[PDB]
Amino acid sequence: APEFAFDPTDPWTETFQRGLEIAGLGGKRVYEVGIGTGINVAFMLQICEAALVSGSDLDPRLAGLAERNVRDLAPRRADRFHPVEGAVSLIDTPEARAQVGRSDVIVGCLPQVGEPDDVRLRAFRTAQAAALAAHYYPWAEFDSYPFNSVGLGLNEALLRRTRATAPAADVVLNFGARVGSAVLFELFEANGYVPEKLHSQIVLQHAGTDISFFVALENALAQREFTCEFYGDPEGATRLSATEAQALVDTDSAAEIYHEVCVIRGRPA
């Protein structure tokens, strides 16, 4: 796969697309939870050579626009994109579940604590500008889930559904990794899946990003000590806890703070 194809403006999407390539979707039927404006669908179809891509989104206008972008960005593969229409939260319509049940791989880069602070505004404008062009939501809470203790409730809710509807399907998801890979792997093991980390990158966190959640979390987990994972350099050589990274920023407003993003595949037994 060539370098040009991975999103060059958003490291999270880039991390997610380099992992989808490594996942090996060629000839498979894939389902994307949260297609948005379909750029990832175009990528999976044109670059990963997926046989069939379906998907849905919470906002029901996006399916229309995803199709449009796919026709424009992957015209020779566009006929293989069959979105599920409607306002679909996770996979919660009969239509969505039917297609999920027929999928080999379910993929998603889903809301989570630690996501870029501007991702919602971005997503919203993105819609509009395409929704002709040529406010919700509402991004739910999923507070009941055990792994919402580390900000991953929505991702756990999806795994509960995937296991039930498509028990033999892989599930490939993108994650901020400040809580560490043991926690990330536990999310999958708790829910019937063997995790494999397909890919990871050190990414720059936007200036002014609030990391108070991660500082509080690592205070709560000490008894060996648990520490959140941040980095002081883009090579990820200088390690920092949430507390040290916040301390750095308290001093120098312009301090560069880095963290990992990584794609993990869950595979059932």
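Note that residue numbering follows the sequence shown and begins at 1.
Between residues given as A134 and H135, how many of the deposited sequence are not built: none, 1 to 3, 4 to 9, or 10 or more?
In the deposited sequence, 10 or more residues between these two have no coordinates.
Chain break class at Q223/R224 - deposited residues not modelled
In the deposited sequence, 4 to 9 residues between these two have no coordinates.
Using the B-factors recorded in the PDB entry, average over the C-alpha atoms of 161 to 169 and of 119 to 127, then report which stretch comes out higher.
Higher mean C-alpha B-factor in the PDB entry: 119 to 127.
Name the higher of the two by mean Cα B-factor in the PDB entry, 258 to 266 versus 1 to 9.
Higher of the two, by average CA B-factor, is 1 to 9.
Out of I47, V41, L52, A216, whose C-alpha atom has the biggest B factor in the entry?
Across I47, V41, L52, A216, the entry lists the biggest C-alpha B-factor for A216.
Per the entry's values, where does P83 land by CA temperature factor relative to the rest of its chain, in the lowest, middle or highest third?
As the PDB entry reports it, the C-alpha B-factor of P83 lands in the middle third of its chain.
Test of reading the entry: by CA B factor among the chain's modelled residues, which third contains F230?
Its C-alpha B-factor, which the entry lists for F230, ranks in the middle third among residues of this chain.
Among modelled residues of the same chain, the CA temperature factor third for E244:
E244: CA B-factor falls in the highest third of its chain.
State the tercile, meaning the lowest, middle or highest third, of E141 with respect to the CA B-factors recorded for its chain.
Highest third of the chain for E141's C-alpha B-factor.
Where does the C-alpha B-factor of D59 rank in its chain, lowest, middle or highest third?
Its C-alpha B-factor, which the entry lists for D59, ranks in the highest third among residues of this chain.
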